[PDB]
>>> print(open('work_3.cif').read())   # mmCIF, C-alpha atoms
data_target
#
loop_
_atom_site.label_atom_id
_atom_site.label_comp_id
_atom_site.auth_asym_id
_atom_site.auth_seq_id
_atom_site.Cartn_x
_atom_site.Cartn_y
_atom_site.Cartn_z
CA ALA M 6 -23.49 -22.85 -22.43
CA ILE M 7 -19.94 -22.68 -21.08
CA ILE M 8 -21.12 -21.52 -17.64
CA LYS M 9 -23.72 -24.04 -16.37
CA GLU M 10 -26.69 -23.26 -14.12
CA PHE M 11 -24.78 -25.20 -11.46
CA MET M 12 -21.00 -24.68 -11.23
CA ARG M 13 -18.32 -25.85 -8.79
CA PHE M 14 -14.85 -24.52 -8.02
CA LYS M 15 -11.57 -25.29 -6.30
CA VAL M 16 -9.66 -22.53 -4.51
CA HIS M 17 -6.08 -22.34 -3.28
CA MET M 18 -4.63 -19.45 -1.30
CA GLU M 19 -1.01 -18.73 -0.38
CA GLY M 20 -0.69 -15.93 2.13
CA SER M 21 1.02 -14.02 4.88
CA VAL M 22 -0.54 -11.72 7.48
CA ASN M 23 1.71 -9.75 9.86
CA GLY M 24 4.42 -12.22 8.88
CA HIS M 25 2.40 -15.37 9.55
CA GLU M 26 2.63 -17.59 6.46
CA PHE M 27 -0.30 -19.91 5.68
CA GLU M 28 -2.02 -21.96 2.99
CA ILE M 29 -5.73 -22.58 2.48
CA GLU M 30 -7.38 -25.16 0.24
CA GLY M 31 -11.07 -25.09 -0.60
CA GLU M 32 -13.99 -26.24 -2.70
CA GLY M 33 -17.16 -24.42 -3.61
CA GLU M 34 -20.38 -24.69 -5.60
CA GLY M 35 -23.25 -22.43 -6.51
CA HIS M 36 -25.63 -21.07 -9.13
CA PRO M 37 -23.74 -18.45 -11.16
CA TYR M 38 -26.80 -16.82 -12.70
CA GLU M 39 -28.86 -16.44 -9.52
CA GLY M 40 -25.82 -15.19 -7.63
CA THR M 41 -25.53 -17.75 -4.85
CA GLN M 42 -22.61 -19.88 -3.74
CA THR M 43 -21.09 -21.68 -0.78
CA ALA M 44 -17.59 -22.97 -0.10
CA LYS M 45 -15.78 -25.06 2.48
CA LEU M 46 -12.24 -23.88 3.30
CA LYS M 47 -9.38 -25.73 4.99
CA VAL M 48 -6.22 -24.23 6.46
CA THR M 49 -3.55 -26.67 5.28
CA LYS M 50 -0.37 -24.89 6.31
CA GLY M 51 0.30 -22.66 9.30
CA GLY M 52 -2.91 -23.41 11.16
CA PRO M 53 -4.36 -22.30 13.40
CA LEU M 54 -4.33 -18.64 12.32
CA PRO M 55 -3.34 -16.00 14.93
CA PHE M 56 -5.63 -13.48 13.19
CA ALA M 57 -9.30 -12.97 12.33
CA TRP M 58 -10.72 -15.22 9.60
CA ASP M 59 -12.96 -12.37 8.37
CA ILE M 60 -10.17 -10.62 6.40
CA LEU M 61 -9.77 -13.75 4.26
CA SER M 62 -13.46 -14.45 3.62
CA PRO M 63 -14.00 -11.94 0.78
CA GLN M 64 -11.02 -13.36 -1.17
CA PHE M 65 -12.68 -16.74 -1.79
CA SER M 69 -15.76 -15.45 -6.81
CA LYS M 70 -17.31 -12.95 -9.20
CA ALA M 71 -18.56 -15.48 -11.74
CA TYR M 72 -21.40 -15.95 -9.19
CA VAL M 73 -23.13 -12.55 -9.45
CA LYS M 74 -26.74 -12.27 -10.59
CA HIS M 75 -26.93 -9.86 -13.51
CA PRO M 76 -30.05 -8.35 -15.07
CA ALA M 77 -30.15 -9.17 -18.80
CA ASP M 78 -29.41 -5.57 -19.82
CA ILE M 79 -26.01 -5.52 -18.09
CA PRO M 80 -23.01 -7.18 -19.77
CA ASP M 81 -21.69 -9.94 -17.49
CA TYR M 82 -18.07 -9.17 -18.25
CA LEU M 83 -16.59 -11.79 -15.91
CA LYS M 84 -18.93 -14.60 -16.98
CA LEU M 85 -18.10 -13.66 -20.57
CA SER M 86 -14.34 -13.87 -19.88
CA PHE M 87 -14.50 -17.68 -19.71
CA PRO M 88 -13.25 -20.33 -20.59
CA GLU M 89 -9.87 -18.49 -20.43
CA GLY M 90 -11.07 -16.55 -17.40
CA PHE M 91 -9.90 -13.40 -15.66
CA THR M 92 -7.66 -11.98 -12.95
CA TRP M 93 -8.28 -9.50 -10.18
CA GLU M 94 -6.11 -7.32 -7.96
CA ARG M 95 -7.27 -5.83 -4.68
CA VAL M 96 -6.17 -3.60 -1.87
CA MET M 97 -8.07 -3.39 1.43
CA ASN M 98 -7.29 -0.36 3.58
CA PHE M 99 -8.57 -0.75 7.16
CA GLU M 100 -9.22 2.19 9.49
CA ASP M 101 -6.35 1.36 11.87
CA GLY M 102 -3.62 1.14 9.23
CA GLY M 103 -3.95 -2.52 8.36
CA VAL M 104 -3.43 -3.25 4.69
CA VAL M 105 -4.27 -6.36 2.71
CA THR M 106 -3.37 -6.73 -0.94
CA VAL M 107 -4.61 -9.66 -2.98
CA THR M 108 -4.12 -11.05 -6.47
CA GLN M 109 -6.21 -13.80 -7.98
CA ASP M 110 -6.40 -15.86 -11.14
CA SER M 111 -9.62 -17.48 -12.35
CA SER M 112 -9.93 -20.16 -15.01
CA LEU M 113 -12.29 -22.89 -16.22
CA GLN M 114 -10.89 -26.41 -16.58
CA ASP M 115 -12.75 -29.72 -17.00
CA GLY M 116 -16.07 -27.99 -16.30
CA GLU M 117 -14.81 -26.54 -13.02
CA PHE M 118 -13.65 -23.08 -11.96
CA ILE M 119 -10.06 -22.82 -10.71
CA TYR M 120 -9.08 -20.05 -8.28
CA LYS M 121 -5.51 -19.26 -7.29
CA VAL M 122 -5.13 -16.51 -4.67
CA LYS M 123 -2.15 -14.61 -3.29
CA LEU M 124 -2.51 -12.44 -0.19
CA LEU M 125 -0.20 -10.18 1.78
CA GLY M 126 -1.36 -8.37 4.90
CA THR M 127 0.75 -6.03 7.02
CA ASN M 128 0.69 -3.28 9.62
CA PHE M 129 -2.19 -4.63 11.68
CA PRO M 130 -1.77 -3.40 15.31
CA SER M 131 -0.97 -6.16 17.84
CA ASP M 132 -3.90 -5.03 20.00
CA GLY M 133 -6.23 -4.59 17.03
CA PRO M 134 -9.43 -6.58 16.35
CA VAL M 135 -7.82 -8.54 13.48
CA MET M 136 -4.85 -9.87 15.46
CA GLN M 137 -7.03 -10.27 18.57
CA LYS M 138 -9.88 -11.89 16.60
CA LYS M 139 -12.67 -9.63 17.86
CA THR M 140 -14.52 -9.44 14.54
CA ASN M 141 -17.96 -10.94 13.94
CA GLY M 142 -18.34 -10.96 10.16
CA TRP M 143 -19.20 -8.45 7.45
CA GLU M 144 -22.21 -6.19 7.11
CA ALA M 145 -23.95 -6.41 3.74
CA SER M 146 -22.08 -4.16 1.33
CA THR M 147 -22.40 -2.54 -2.06
CA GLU M 148 -19.62 -2.68 -4.64
CA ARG M 149 -19.78 0.23 -7.05
CA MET M 150 -18.62 -1.09 -10.41
CA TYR M 151 -17.37 0.94 -13.38
CA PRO M 152 -15.30 0.62 -16.59
CA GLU M 153 -11.81 2.16 -16.66
CA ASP M 154 -8.62 1.54 -18.65
CA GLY M 155 -10.31 -1.32 -20.52
CA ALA M 156 -10.83 -3.23 -17.27
CA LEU M 157 -13.65 -3.42 -14.71
CA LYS M 158 -13.20 -1.64 -11.37
CA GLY M 159 -14.97 -1.98 -8.04
CA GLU M 160 -15.15 0.16 -4.94
CA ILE M 161 -16.45 -0.88 -1.52
CA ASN M 162 -16.79 0.79 1.83
CA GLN M 163 -16.87 -2.38 3.92
CA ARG M 164 -17.73 -2.76 7.60
CA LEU M 165 -16.70 -5.54 9.94
CA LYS M 166 -19.02 -6.03 12.90
CA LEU M 167 -17.30 -5.68 16.29
CA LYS M 168 -18.35 -7.85 19.21
CA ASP M 169 -20.06 -5.05 21.14
CA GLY M 170 -21.97 -2.96 18.61
CA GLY M 171 -19.22 -0.99 16.92
CA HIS M 172 -17.71 -1.49 13.48
CA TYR M 173 -14.25 -1.95 11.97
CA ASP M 174 -14.09 -0.27 8.57
CA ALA M 175 -12.15 -0.95 5.38
CA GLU M 176 -11.84 0.82 2.04
CA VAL M 177 -11.60 -1.69 -0.80
CA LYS M 178 -10.45 -1.06 -4.38
CA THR M 179 -10.39 -3.90 -6.96
CA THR M 180 -9.52 -4.25 -10.65
CA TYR M 181 -11.00 -7.16 -12.64
CA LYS M 182 -9.44 -7.96 -16.02
CA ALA M 183 -10.55 -10.43 -18.67
CA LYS M 184 -7.66 -12.48 -20.11
CA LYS M 185 -9.18 -11.67 -23.53
CA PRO M 186 -11.31 -8.61 -24.50
CA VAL M 187 -15.05 -8.98 -23.90
CA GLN M 188 -17.84 -6.41 -23.58
CA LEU M 189 -17.51 -4.14 -20.54
CA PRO M 190 -20.59 -2.80 -18.70
CA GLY M 191 -21.43 0.76 -17.71
CA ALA M 192 -21.41 1.80 -14.05
CA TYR M 193 -23.61 -0.26 -11.73
CA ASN M 194 -23.99 -1.61 -8.20
CA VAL M 195 -23.63 -5.09 -6.74
CA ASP M 196 -25.27 -5.82 -3.40
CA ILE M 197 -23.21 -8.45 -1.58
CA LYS M 198 -23.75 -10.35 1.67
CA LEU M 199 -21.28 -12.88 3.00
CA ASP M 200 -22.09 -15.22 5.89
CA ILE M 201 -19.86 -17.61 7.77
CA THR M 202 -22.16 -20.64 8.06
CA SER M 203 -19.95 -23.02 10.00
CA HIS M 204 -16.45 -23.31 11.48
CA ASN M 205 -14.60 -25.56 13.93
CA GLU M 206 -13.08 -24.11 17.10
CA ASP M 207 -9.78 -22.90 15.62
CA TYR M 208 -11.19 -21.78 12.25
CA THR M 209 -9.04 -24.35 10.42
CA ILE M 210 -12.23 -25.54 8.73
CA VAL M 211 -14.68 -22.86 7.57
CA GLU M 212 -17.86 -22.72 5.51
CA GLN M 213 -19.10 -19.52 3.90
CA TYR M 214 -22.17 -18.41 1.97
CA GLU M 215 -22.45 -15.42 -0.35
CA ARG M 216 -25.23 -13.79 -2.30
CA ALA M 217 -24.34 -11.19 -4.92
CA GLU M 218 -26.81 -9.38 -7.16
CA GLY M 219 -26.23 -6.60 -9.64
CA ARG M 220 -28.62 -3.69 -10.17
CA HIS M 221 -28.46 -0.28 -11.83
CA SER M 222 -26.97 2.65 -9.90
CA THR M 223 -30.11 4.66 -10.65
#
>>> encode(input="work_3.cif", output="structure tokens")
Amino acid sequence: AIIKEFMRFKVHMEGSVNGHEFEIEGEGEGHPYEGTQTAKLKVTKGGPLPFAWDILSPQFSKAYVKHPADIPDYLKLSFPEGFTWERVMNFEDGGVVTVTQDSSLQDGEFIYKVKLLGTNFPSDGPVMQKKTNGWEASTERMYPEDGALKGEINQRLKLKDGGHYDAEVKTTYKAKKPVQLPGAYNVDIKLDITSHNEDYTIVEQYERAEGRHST
């Protein structure tokens, strides 16, 4: 009863990419048990961004993942205290993005604080030149390890001609207090940018995430 059928959230991100410092403030809402959510993001410091929005989009919500009843919903269970996650994204051309995030529930609303550092993107690369057109649907392979929950993704960014820009993503999700971990399973994820102004200083995103068995 702690996680309602309809839940909102606030998100704040402090970040730097290739030395460009920035802040983003956002609000979101969705249906945590059917695995759907939207959010509207606002760059509030250091806008407009000299780099592609798409590397930030997956950092804005695992409480919103549809889970079949036979799989422990570890991250839903972690509330009200919540959980934290830590992520590295390794892109094909040497770009790296590391992220840390804290998730909590306060006054009926999810609170997300995000920290992001990105470096070593090539000046003539698609991220710094903003030639990316959003993510292909992906599959995160989840599994229990070291008492936490881990996720692995081979993620593809669409390139504006028919190619792709790839990234290897590795995340660790940790409940702030021990709750039941699941076995290995898969989460099909699709993230869409639904609206943005010209300089991507206001962005809206949609995401559907649904868990299923690996078998």
>>> resolve_selection(input="work_3.cif", expression="the PyMOL selection byres ((chain M and resi 191-195) around 9)", output="ChimeraX atom specification")
/M:73-75,79-80,146-152,189-190,196-197,217-223
>>> closest_residue(input="work_3.cif", among="M:49, M:163, M:213, M:112", to="residue M:27", atoms="only C-alpha atoms")
M:49
>>> residues_near_point(input="work_3.cif", point="(-11.9, -0.4, 0.6)", cutoff="6 Å", atoms="all atoms listed in the file", output="PyMOL selection string")
chain M and resi 97-98+161-162+175-178
>>> closest_residue(input="work_3.cif", among="M:46, M:183, M:125, M:135", to="residue M:62", atoms="all atoms listed in the file")
M:46
>>> resolve_selection(input="work_3.cif", expression="the PyMOL selection byres ((chain M and resi 31) around 10)", output="number ranges by chain")
M: 14-18, 29-30, 32-33, 44-49, 65, 120, 210-212
>>> resolve_selection(input="work_3.cif", expression="the PyMOL selection byres ((chain M and resi 89) around 8)", output="ChimeraX atom specification")
/M:86-88,90-91,112-113,184-185
>>> atom_distance(input="work_3.cif", atom1="atom CA of residue M:70", atom2="atom CA of residue M:202")
19.5 Å
>>> atom_distance(input="work_3.cif", atom1="atom CA of residue M:23", atom2="atom CA of residue M:132")
12.5 Å
>>> decode(input="work_3.cif", residues="stretch 116-145 of chain M", atoms="N, CA, C and O atoms", output="mmCIF file, in the first residue's frame")
data_model
loop_
_atom_site.group_PDB
_atom_site.id
_atom_site.type_symbol
_atom_site.label_atom_id
_atom_site.label_comp_id
_atom_site.auth_asym_id
_atom_site.auth_seq_id
_atom_site.Cartn_x
_atom_site.Cartn_y
_atom_site.Cartn_z
ATOM 1 N N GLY M 116 4.461 10.894 0.111
ATOM 2 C CA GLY M 116 3.761 10.203 -0.957
ATOM 3 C C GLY M 116 4.410 10.310 -2.326
ATOM 4 O O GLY M 116 3.864 9.828 -3.319
ATOM 5 N N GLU M 117 5.575 10.945 -2.389
ATOM 6 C CA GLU M 117 6.222 11.191 -3.672
ATOM 7 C C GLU M 117 7.676 10.727 -3.716
ATOM 8 O O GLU M 117 8.438 10.950 -2.774
ATOM 9 N N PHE M 118 8.054 10.084 -4.818
ATOM 10 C CA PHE M 118 9.424 9.631 -5.013
ATOM 11 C C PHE M 118 10.373 10.813 -5.159
ATOM 12 O O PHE M 118 10.048 11.803 -5.815
ATOM 13 N N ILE M 119 11.549 10.701 -4.552
ATOM 14 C CA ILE M 119 12.585 11.726 -4.683
ATOM 15 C C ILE M 119 13.851 11.128 -5.293
ATOM 16 O O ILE M 119 14.433 10.188 -4.738
ATOM 17 N N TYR M 120 14.265 11.674 -6.434
ATOM 18 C CA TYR M 120 15.470 11.214 -7.119
ATOM 19 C C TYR M 120 16.552 12.281 -7.110
ATOM 20 O O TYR M 120 16.328 13.401 -7.572
ATOM 21 N N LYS M 121 17.721 11.939 -6.579
ATOM 22 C CA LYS M 121 18.896 12.790 -6.713
ATOM 23 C C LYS M 121 19.954 12.068 -7.546
ATOM 24 O O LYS M 121 20.346 10.943 -7.233
ATOM 25 N N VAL M 122 20.416 12.717 -8.610
ATOM 26 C CA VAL M 122 21.347 12.086 -9.546
ATOM 27 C C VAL M 122 22.659 12.855 -9.666
ATOM 28 O O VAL M 122 22.666 14.083 -9.714
ATOM 29 N N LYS M 123 23.766 12.122 -9.728
ATOM 30 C CA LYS M 123 25.059 12.718 -10.017
ATOM 31 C C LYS M 123 25.697 12.029 -11.219
ATOM 32 O O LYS M 123 25.768 10.805 -11.284
ATOM 33 N N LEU M 124 26.161 12.829 -12.170
ATOM 34 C CA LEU M 124 26.669 12.306 -13.429
ATOM 35 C C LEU M 124 27.990 12.945 -13.837
ATOM 36 O O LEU M 124 28.125 14.166 -13.841
ATOM 37 N N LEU M 125 28.957 12.114 -14.203
ATOM 38 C CA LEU M 125 30.199 12.614 -14.776
ATOM 39 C C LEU M 125 30.492 11.886 -16.079
ATOM 40 O O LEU M 125 30.574 10.663 -16.108
ATOM 41 N N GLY M 126 30.639 12.650 -17.157
ATOM 42 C CA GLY M 126 30.984 12.095 -18.451
ATOM 43 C C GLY M 126 32.274 12.690 -18.994
ATOM 44 O O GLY M 126 32.468 13.903 -18.971
ATOM 45 N N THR M 127 33.170 11.834 -19.473
ATOM 46 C CA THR M 127 34.430 12.308 -20.033
ATOM 47 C C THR M 127 34.840 11.508 -21.258
ATOM 48 O O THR M 127 34.258 10.464 -21.585
ATOM 49 N N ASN M 128 35.850 12.041 -21.931
ATOM 50 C CA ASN M 128 36.533 11.389 -23.035
ATOM 51 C C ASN M 128 35.660 11.148 -24.260
ATOM 52 O O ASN M 128 35.945 10.255 -25.054
ATOM 53 N N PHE M 129 34.602 11.937 -24.417
ATOM 54 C CA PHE M 129 33.870 11.940 -25.683
ATOM 55 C C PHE M 129 34.663 12.756 -26.703
ATOM 56 O O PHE M 129 35.075 13.878 -26.409
ATOM 57 N N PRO M 130 34.895 12.187 -27.899
ATOM 58 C CA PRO M 130 35.619 12.859 -28.988
ATOM 59 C C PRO M 130 34.882 14.094 -29.502
ATOM 60 O O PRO M 130 33.660 14.050 -29.681
ATOM 61 N N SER M 131 35.623 15.173 -29.753
ATOM 62 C CA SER M 131 35.035 16.457 -30.156
ATOM 63 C C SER M 131 34.217 16.357 -31.444
ATOM 64 O O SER M 131 33.309 17.155 -31.677
ATOM 65 N N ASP M 132 34.561 15.384 -32.281
ATOM 66 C CA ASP M 132 33.865 15.171 -33.546
ATOM 67 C C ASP M 132 32.962 13.944 -33.472
ATOM 68 O O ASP M 132 32.561 13.392 -34.497
ATOM 69 N N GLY M 133 32.651 13.520 -32.250
ATOM 70 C CA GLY M 133 31.775 12.385 -32.035
ATOM 71 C C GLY M 133 30.311 12.782 -32.007
ATOM 72 O O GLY M 133 29.981 13.959 -31.834
ATOM 73 N N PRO M 134 29.419 11.796 -32.174
ATOM 74 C CA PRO M 134 27.969 12.026 -32.245
ATOM 75 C C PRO M 134 27.363 12.602 -30.964
ATOM 76 O O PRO M 134 26.300 13.210 -31.041
ATOM 77 N N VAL M 135 28.016 12.429 -29.817
ATOM 78 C CA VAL M 135 27.490 12.981 -28.570
ATOM 79 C C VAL M 135 27.746 14.482 -28.472
ATOM 80 O O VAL M 135 26.838 15.254 -28.147
ATOM 81 N N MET M 136 28.982 14.890 -28.755
ATOM 82 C CA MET M 136 29.346 16.302 -28.730
ATOM 83 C C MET M 136 28.820 17.051 -29.955
ATOM 84 O O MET M 136 28.684 18.273 -29.928
ATOM 85 N N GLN M 137 28.523 16.324 -31.027
ATOM 86 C CA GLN M 137 27.995 16.959 -32.234
ATOM 87 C C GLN M 137 26.479 16.774 -32.354
ATOM 88 O O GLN M 137 25.863 17.239 -33.312
ATOM 89 N N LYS M 138 25.892 16.097 -31.369
ATOM 90 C CA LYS M 138 24.443 15.920 -31.280
ATOM 91 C C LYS M 138 23.844 15.294 -32.539
ATOM 92 O O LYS M 138 22.918 15.838 -33.139
ATOM 93 N N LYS M 139 24.379 14.143 -32.932
ATOM 94 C CA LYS M 139 23.893 13.441 -34.116
ATOM 95 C C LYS M 139 23.146 12.166 -33.739
ATOM 96 O O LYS M 139 23.053 11.238 -34.542
ATOM 97 N N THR M 140 22.627 12.116 -32.520
ATOM 98 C CA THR M 140 21.961 10.912 -32.036
ATOM 99 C C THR M 140 20.448 11.098 -32.061
ATOM 100 O O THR M 140 19.943 12.186 -31.776
ATOM 101 N N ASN M 141 19.729 10.033 -32.397
ATOM 102 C CA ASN M 141 18.278 10.109 -32.547
ATOM 103 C C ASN M 141 17.524 9.143 -31.627
ATOM 104 O O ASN M 141 16.552 8.506 -32.043
ATOM 105 N N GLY M 142 17.968 9.037 -30.380
ATOM 106 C CA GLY M 142 17.271 8.233 -29.394
ATOM 107 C C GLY M 142 17.681 6.777 -29.348
ATOM 108 O O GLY M 142 18.386 6.285 -30.230
ATOM 109 N N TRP M 143 17.213 6.082 -28.314
ATOM 110 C CA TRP M 143 17.627 4.713 -28.041
ATOM 111 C C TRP M 143 16.740 3.674 -28.708
ATOM 112 O O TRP M 143 15.525 3.843 -28.786
ATOM 113 N N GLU M 144 17.354 2.588 -29.168
ATOM 114 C CA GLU M 144 16.604 1.408 -29.567
ATOM 115 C C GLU M 144 16.069 0.765 -28.301
ATOM 116 O O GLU M 144 16.634 0.957 -27.228
ATOM 117 N N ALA M 145 14.972 0.022 -28.411
ATOM 118 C CA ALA M 145 14.502 -0.777 -27.288
ATOM 119 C C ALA M 145 15.636 -1.685 -26.827
ATOM 120 O O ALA M 145 16.386 -2.220 -27.645
#
